[PDB]
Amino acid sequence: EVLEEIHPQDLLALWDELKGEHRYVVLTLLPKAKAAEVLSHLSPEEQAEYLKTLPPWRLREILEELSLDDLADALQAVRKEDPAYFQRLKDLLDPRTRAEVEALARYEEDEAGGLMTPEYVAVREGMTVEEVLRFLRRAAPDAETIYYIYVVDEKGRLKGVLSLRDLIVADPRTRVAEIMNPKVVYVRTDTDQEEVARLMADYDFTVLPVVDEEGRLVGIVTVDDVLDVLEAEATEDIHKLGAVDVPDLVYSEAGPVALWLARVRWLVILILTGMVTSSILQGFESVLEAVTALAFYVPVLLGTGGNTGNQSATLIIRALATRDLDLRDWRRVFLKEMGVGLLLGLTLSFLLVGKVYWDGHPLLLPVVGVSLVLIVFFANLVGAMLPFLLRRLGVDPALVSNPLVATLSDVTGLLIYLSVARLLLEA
């Protein structure tokens, strides 16, 4: 009936609203291949969960009908968690497969090796269209994709790439060398997870040839896997903006005690800094005593500082991740972003000055005013160079979180504001 009608995705989507037991049985019941595709797009936590529960026959079932790059991710899940059971889990496989998966684990999850599958179709050099097809057909059953064929040499090293679209349009008796493409865009096995995703997206590829530390083709990567990178890349970037520093943190799958350990770290760095603010206020207590109104404006003043700093740091952290801007550009961003703050100040001061005034304090109006078009100015430039600097230091500009740029706009905002008051008090 429907045991062949339902798609894995159907069961995936409703997984979010399915009882664990029911979910469990649907792993024993489905076809081998469908049972494997489901346990394939589950959270690494649930994966290692069902690999423990499911029976030893349905276990070896999944482990076989599962892709090799996918299998590694799943075993690596168990490895991290229950390591004892990991080695046992890895016992169910056969010699050739285990020694295949084993080689994948030794690659960094975040690099090419940790993203590639060995099931790629690669022919030797001097065959023909018609031969390559007969090969493809014979190799197809176990390949990940036969849509791109890689031409290696007698030492295993990439020498060309072949489109199945090409073989299909070509006289079968034409030698592939004269239709394959020699400039094989590729990545190494250390190549970064994100470094791949760019290439994939850049050249419009759907498959990418990973060569080993020695140019020998050793696996391929598929875009559908890069999609998952991308999303997890951006998810990390966003998480790094709001100042949470767990790259692999899923909200629903994480408790209080764990949410504590994740957020508390940056709130203790930032408040140590934000303390400099109290001290800074005390230093200017003569000026805070004389004219009382000065403090009445610290919030709206200091805060419109951090908002400005956010926007520009935000606007720049991404141009860097999006490769829209490079480190060689700072000295130009400065100019542009500098005449942008000045303008952003003029605008926002003309607005606050009106409040200061209507507030009933027409005397410290220039103080407040001139203090904005000096805060909005530097707040800007700061957020607009903190990432640029972290790059030149070899650091993740995403660490230039919005909170960090805000806490740092306080230490500065006061120093600007108060220091400009104490100067105006002299007159």
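Numbers follow the displayed sequence, beginning with 1.
Visitor: Per the PDB record, is the mean Cα temperature factor higher over 244-252 or over 342-350?
Guide: That would be 244-252.
Visitor: On average, are the C-alpha B-factors higher in 257-265 or in 119-127?
Guide: Stretch with the higher mean C-alpha B-factor: 257-265.
Visitor: Taking the values straight from the PDB record, which of 370, 385, 398, 51 has the highest C-alpha temperature factor?
Guide: Of the candidates given, the C-alpha B-factor peaks at 51.
Visitor: Between 182, 156, 141, 114, let me know which has the highest C-alpha B-factor in the entry?
Guide: Of 182, 156, 141, 114, 141 has the highest C-alpha B-factor.
Visitor: Give the position of residue 305 by CA B-factor within its chain, expressed as the lowest, middle or highest third.
Guide: CA B-factor rank for residue 305: lowest third.
Visitor: Ordered by C-alpha B-factor within the chain, which third holds residue 332? Give me lowest, middle or highest, please.
Guide: Middle third, going by the recorded CA B-factors of the chain.
Visitor: Using the temperature factors of the C-alpha atoms in this entry, rank residue 94 within its chain: lowest, middle or highest third.
Guide: Ranked within chain, residue 94 CA B lands in the highest tercile.
Visitor: Would you check the entry's CA temperature factor for residue 419 and let me know if it's in the chain's lowest, middle or highest third?
Guide: For residue 419, the deposited C-alpha B-factor lands in the lowest third.
Visitor: Divide the modelled residues of the chain into thirds by Cα B-factor and specify which third, lowest, middle or highest, holds residue 214.
Guide: According to the entry, residue 214 has a C-alpha B-factor in the chain's highest third.
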